[PDB]
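S.K.: Going by the deposited numbering, the letters in the sequence shown line up with residues 33 to 182, 189 to 361, in that order.
Note that beta-carbon positions come from the ideal geometry of N, C-alpha and C, so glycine has one too.
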Amino acid sequence: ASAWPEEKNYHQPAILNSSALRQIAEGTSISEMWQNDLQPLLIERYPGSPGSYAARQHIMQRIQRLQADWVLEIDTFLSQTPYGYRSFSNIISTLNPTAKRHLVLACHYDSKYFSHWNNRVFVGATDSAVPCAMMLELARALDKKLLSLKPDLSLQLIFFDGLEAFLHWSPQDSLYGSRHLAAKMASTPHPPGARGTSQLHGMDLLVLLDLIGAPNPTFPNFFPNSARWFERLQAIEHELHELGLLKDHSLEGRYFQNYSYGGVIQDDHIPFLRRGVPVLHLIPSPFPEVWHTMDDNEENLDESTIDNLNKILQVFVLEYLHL
Ligand SMILES: [Zn+2]
Numbered sequence: 033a034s035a036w037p038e039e040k041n042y043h044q045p046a047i048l049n050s051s052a053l054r055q056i057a058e059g060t061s062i063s064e065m066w067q068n069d070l071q072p073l074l075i076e077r078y079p080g081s082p083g084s085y086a087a088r089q090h091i092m093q094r095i096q097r098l099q100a101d102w103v104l105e106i107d108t109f110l111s112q113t114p115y116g117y118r119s120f121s122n123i124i125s126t127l128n129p130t131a132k133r134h135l136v137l138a139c140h141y142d143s144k145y146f147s148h149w150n151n152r153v154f155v156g157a158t159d160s161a162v163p164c165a166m167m168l169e170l171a172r173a174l175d176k177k178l179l180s181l182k189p190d191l192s193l194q195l196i197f198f199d200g201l202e203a204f205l206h207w208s209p210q211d212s213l214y215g216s217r218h219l220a221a222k223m224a225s226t227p228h229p230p231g232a233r234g235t236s237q238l239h240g241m242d243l244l245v246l247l248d249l250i251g252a253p254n255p256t257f258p259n260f261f262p263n264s265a266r267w268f269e270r271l272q273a274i275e276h277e278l279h280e281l282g283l284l285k286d287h288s289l290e291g292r293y294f295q296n297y298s299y300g301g302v303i304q305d306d307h308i309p310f311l312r313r314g315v316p317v318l319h320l321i322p323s324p325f326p327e328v329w330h331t332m333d334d335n336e337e338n339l340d341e342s343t344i345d346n347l348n349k350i351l352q353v354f355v356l357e358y359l360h361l
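Encoded structure:
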């Protein structure tokens, strides 16, 4: 029995030099992302709604136009909810489907259901339209480098449906898409034809982006088994800063701070985490002040912060994949 599922434990990044770091910083466009990937998502899109369908089409369209050989799959399922049985659709975008290992980036694309109030509509800009757009921008910015993937390791993007509770958060009313996908992936042999390893053994690391877009986020180092990757984010943020490649940024106000978090934050990584998948949870603590209010909109997004995080994440991925 091959020990390939243990490779993630020893995987090391291929660190980019200064010139490559400048190249990545210049290759991403916050204004392009804003207009082409983010604004079309700033709409009401709770599960089963017309907005959900439109968001899903937008995400797929933006990935399909890229040169890299992305394979798109829509994982549609039924679940009981406080409003009865409903349909949900997770979006999975994968390079090299039969590749044994994948670094996974994820976020949820649904928005919490709220009835309109005083003509205001909830669109969850940081929760999680921005993370969705950051993943789309990453696919676009690194497209040429990702095309060269067409170490049996590649990249996968997951956009979960139904992260939000239809009412208030509870064990049975929340995490619909991830509870479903995690169970499905855990019972799917991988690579095809495998005897005893699942798609979950193939997940090197799950990088879950959530609640990003507000000013001054501080991401804690939640888990000891991914702490060495959290440190890479810190190193990348530090070098991009020292090279003058970040905007309105200081080390005192750095995003990746040295600090554990006792508790546990319920989010889409939970069903994966509890089945042994290593997770790097990029959710800030505390949550954005506009969390779950009509003010979680475009107007309250911090543009240079998102731009800085796009550069950091893009360098993290290139270094992880050795690209
Ligand atoms: Zn939320």
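Once you ignore the five residues that flank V245 on each side, which residues in its own chain have a CB closer than 6 angstroms to its CB?
M.R.: Excluding sequence positions up to five before and after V245, its CB lies within less than 6 angstroms of the CB of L137, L318, all in the same chain and listed in chain order.
S.K.: Can you find at least 3 beta carbon pairs, one from the region 318 to 329 and one from the region 240 to 258, that sit closer than 8 angstroms?
M.R.: yes
S.K.: When you compare each of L205, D199, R233 to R217 by their alpha carbons, which one comes out closest?
M.R.: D199
S.K.: Got a list of residues with beta-carbon closer than 6 angstroms to any non-hydrogen atom of ligand 1, in chain order?
M.R.: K144, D159, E202, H330
S.K.: Report yes if the CB atom of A173 is closer than 8 angstroms to the CB atom of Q352, and no otherwise.
M.R.: yes
S.K.: Would you say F354 and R266 are within 8 angstroms of each other, going by their C-beta atoms?
M.R.: No.
S.K.: Measuring alpha carbon to alpha carbon, tell me which residue in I62, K40, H43, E38 is nearest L284.
M.R.: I62
S.K.: I'd like to know whether the C-beta atoms of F260 and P322 end up nearer to each other than 8 angstroms.
M.R.: no
S.K.: Determine the DSSP secondary structure at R172, reduced to helix, strand or coil.
M.R.: helix
S.K.: Inspect the CB distances between the region 40 to 54 and the region 104 to 120 and report whether three or more fall short of 8 angstroms.
M.R.: Judged by Cβ distances under 8 angstroms, the region 40 to 54 makes no contact with the region 104 to 120, as fewer than three pairs qualify.
S.K.: How would you write the range of the alpha helix (DSSP H) that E275 sits in, first residue to last?
M.R.: Run containing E275: 265 to 280, per the alpha helix (DSSP H) assignment.
S.K.: To the nearest angstrom, how far is it from the Cα of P45 to the Cα of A273?
M.R.: 12 angstroms
S.K.: Assuming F204 and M332 are in contact, meaning their beta carbons sit under 8 angstroms apart, how far apart are those beta carbons, in whole angstroms?
M.R.: So it is not a contact: roughly 18 angstroms between Cβ atoms.
S.K.: To which residues of the same chain is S225 closer than 8 angstroms at the C-beta, ignoring the five residues directly before and after it?
M.R.: Excluding residues within five positions, the ones whose Cβ falls inside 8 angstroms are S236.
S.K.: For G59, which residues of its own chain have a beta-carbon under 7 angstroms away from its beta-carbon, when the five flanking residues on both sides are left out?
M.R.: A173
S.K.: Give the single residue among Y78, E38, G83 whose Cα lies nearest to the Cα of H134.
M.R.: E38
S.K.: First and last residue of the alpha helix (DSSP H) that includes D107?
M.R.: Run containing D107: none in the alpha helix (DSSP H); it sits in the beta strand (DSSP E), 103 to 111.
S.K.: Quick one: any contact between the region 92 to 107 and the region 121 to 130, if contact means 3 or more CB pairs under 8 angstroms?
M.R.: Taking 8 angstroms as the limit for Cβ pairs, the verdict is that the region 121 to 130 does touch the region 92 to 107.
S.K.: Between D340 and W207, what straight-line distance do the alpha-carbon atoms span, to the nearest angstrom?
M.R.: 27 angstroms
S.K.: Give the straight-line distance between the Cα atoms of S147 and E76, rounded to the nearest whole angstrom.
M.R.: 10 angstroms
S.K.: Can you tell me the Cα-Cα spacing of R54 and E64, whole angstroms?
M.R.: Linking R54 to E64 through their CA atoms gives a straight-line distance of about 18 angstroms.
S.K.: Hey, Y141 and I91: beta-carbon distance below 8 angstroms or not?
M.R.: yes
S.K.: Return yes when the Cβ of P255 is within less than 8 angstroms of the Cβ of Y214, no when it is not.
M.R.: The answer is no: Cβ separation not under 8 angstroms.
S.K.: If you run the structure through DSSP and keep just helix, strand and coil, what is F325?
M.R.: coil
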